[PDB]
């Protein structure tokens, strides 16, 4: 890897045939500064604090996506139509902060070594799907050109109140349920 004090991606441009779909983000020292919602064609912030560090003209992202679609067709041909390898992701679940019963906290489901960037991440509480209080990052880049993605579940710790992060990915043989308990 290149040695440097700080590293930014300006930006991470993803485009894939499945869908097809794309992603446009900027990263600084490994965190997501902003993204472009390509459906609404607007710059947005998963972490709105960082809107203070300047905006972005979404048309740049849209132009890049048009060029990427073109380039992808050409590279598929140059590589004999070799399909992406489905790597095996690794899933880790942990709390953001020390756990006190009845004190609001956040569960973090880290899905690492993702490729291709296609994944279902859902939360189960005592075996039942949770939808409220769930958010997730973009596909965050890695130097080996795989991705990680993190899902968050705000929750209230309580006794006999247990969780699973359920991950579906084509490189798994079955959905992966990673357990966590207070």
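Positions refer to the first chain, counted from 1.
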(request) Between 61-69 and 119-127, name whichever shows the higher mean Cα B factor according to the PDB entry. (result) 119-127
(request) Name the higher of the two by mean Cα B-factor in the PDB entry, 109-117 versus 41-49. (result) 41-49
(request) Could you check 99, 91, 74, 84 and tell me which one carries the biggest Cα B-factor in the deposited entry? (result) 99
(request) Determine which member of 10, 14, 159, 165 has the highest CA B-factor, using the values in the deposited entry. (result) 159
(request) Using the B-factor values recorded in the entry, state whether the Cα atom of residue 155 falls in the lowest, middle or highest third among the modelled residues of its chain. (result) highest
(message) Using only modelled residues of the chain, where does the Cα B factor of residue 136 rank: lowest third, middle third or highest third?
(response) middle
